[PDB]
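Visitor: Here we go, the starting part of the complex in its complex frame:
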Amino acid sequence: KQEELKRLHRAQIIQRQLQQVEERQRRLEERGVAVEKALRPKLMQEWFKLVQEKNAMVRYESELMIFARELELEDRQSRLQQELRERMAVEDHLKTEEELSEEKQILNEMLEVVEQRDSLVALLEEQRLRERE
């Protein structure tokens, strides 16, 4: 329960930031429309700045996507781990051939959740080492 609360809070923080990003992109969309309507000097210069600012927001949105997926995966993993801890309260000799292979299937699900998670951390690592430009 204390594990699951620190997670809900991180999810809200992320939502709140995606909402702020959406809105900042909405303002840039409108300035962008006005600048392009004005293309019937300083005006061409504004168009390039808007492109930069939209780019920045997209990079920020991307990071939030990654964090939000990683968070979904922590949740799935935690639940699979619960399903597995429950099954391991019973000694192994007291289980069927079938019961034992469901334990092995749960464990595979959990390992491929972990693999996806590590793949998203590697991508985020790449992005943070690339943003030092």
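Guide: Done, it's in. Numbering: from 1, shown residues only, chains lettered A, B, ... in the order given.
Visitor: and the helix or strand harbouring residue A:7, which residues are buried?
Guide: Residue A:7 is part of helix A:2-37, with elements assigned from DSSP states H and E. By neighbour count on 16 or more other C-beta atoms under 10 Å, the buried set for helix A:2-37 is A:14, A:17-18, A:21, A:24-25, A:28, A:32, A:35. From N, CA and C alone the C-beta is placed, and that goes for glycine too.
Visitor: Which SSE is immediately downstream of it?
Guide: On the C-terminal side of helix A:2-37, the nearest following helix or strand under DSSP H and E is helix A:42-87.
Visitor: Quick one: list the elements packing against that following helix.
Guide: Helices and strands touching helix A:42-87, by 3 or more C-beta pairs under 8 Å, 6 or more residues apart in numbering; DSSP states H and E, are helix A:2-37, helix A:97-130.
Visitor: Please find the angle between the direction vectors of the shortest one and helix A:42-87.
Guide: Between the direction of helix A:97-130 and that of helix A:42-87, the angle (axes from the mean of the first three to the mean of the last three C-alpha atoms, to 10 degrees) works out to 150 degrees.
Visitor: thinking residue A:113 is in contact with residue A:75, fair?
Guide: No - at 9.7 Å, residue A:113 does not count as touching residue A:75 under the criterion of C-beta atoms under 8 Å.
Visitor: Settle it for me: which of the two has more neighbours?
Guide: Each of residue A:113 and residue A:75 has its neighbours counted (other C-beta atoms under 10 Å); residue A:113 has more, 20 against 15.
Visitor: wait, what's in contact with the nearest residue to the more buried one once chain neighbours are set aside?
Guide: Excluding the flanking residues, the one nearest residue A:113 by C-beta to C-beta, 6 or more residues apart in numbering is residue A:77, at 4.9 Å. Counting by C-beta atoms under 8 Å, 6 or more residues apart in numbering, residue A:77 touches A:110, A:113-114, A:117.
Visitor: add chain B to the structure above, sequence below:
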Amino acid sequence: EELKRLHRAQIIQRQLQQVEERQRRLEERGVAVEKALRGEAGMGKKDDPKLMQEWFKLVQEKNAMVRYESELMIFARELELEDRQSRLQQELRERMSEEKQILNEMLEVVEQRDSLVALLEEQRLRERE
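Guide: So that you can see how it sits with the rest, here is chain B on the chains above:
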């Protein structure tokens, strides 16, 4: 792959080295600017508002580097844990006794990684605000 992971580790060790050096250069500019602020480098310098301005830019640039150093720390630990995890998983996916203990070591490694991701998230979502 163990060599993907190796390569990512070398990248990180090398970026920490570039960071340590960028901080060394900033230490030196910082020392010169402060010698100039105490009127020791040129009798005009101390009156120039560009000089006070440099001091504040150095502080910002030092702060940026420390944020970067922090991120590299986290990534490097995470990477060690990814390595440990993948090896414990390999040990386990070979065996299928100490089988139940290996699984527990791996679940603790997974929990520590969750925890470093959460810390990284907190810091990245505080560099904005």
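Visitor: now with chain B: the buried residues of helix A:2-37?
Guide: Using 16 or more other C-beta atoms under 10 Å in any protein chain shown as the test for burial, helix A:2-37 gives A:7, A:10, A:14, A:17-18, A:21, A:24-25, A:28, A:32, A:35.
Visitor: and residue A:51, how many residues sit next to it?
Guide: Per other C-beta atoms under 10 Å in any protein chain shown, the neighbour tally for residue A:51 reads 12.
Visitor: What's the separation between it and chain B?
Guide: Relative to chain B, residue A:51 is positioned 21 Å away (C-beta to the nearest C-beta, to the nearest Å).
Visitor: how close does the residue sitting furthest away from the middle of chain A sit to chain B?
Guide: In chain A, the greatest distance from the average C-alpha position (C-alpha atoms, centre = their mean) is reached by residue A:40, at 41.5 Å. Distance, residue A:40 to chain B, using C-beta to the nearest C-beta: 38 Å.
Visitor: now the helix holding residue A:7, how far from the centre of its chain.
Guide: Distance of helix A:2-37 from its chain centroid, counting by C-alpha atoms, centre = their mean, to the nearest Å, is 13 Å.
Visitor: Helix B:99-127 and that one, what's the angle between them?
Guide: Using the same axes, to 10 degrees: helix A:2-37 against helix B:99-127 is 40 degrees.
Visitor: do helix A:2-37 and chain B meet at all?
Guide: Yes - Helix A:2-37 reaches chain B (C-beta under 8 Å from any C-beta of the partner chain) through A:6, A:10, A:13-14, A:17.
Visitor: One more: stretch A:124-133?
Guide: Yes - contact between stretch A:124-133 and chain B is present through A:125, A:128-129, A:132 (criterion: C-beta under 8 Å from any C-beta).
Visitor: Next, the buried residues of that stretch.
Guide: Those would be A:124-125, A:128-129, for stretch A:124-133 by 16+ other C-beta under 10 Å.
Visitor: again, but for stretch A:41-58
Guide: Using 16+ other C-beta under 10 Å as the test for burial, stretch A:41-58 gives A:46, A:53-54, A:57.
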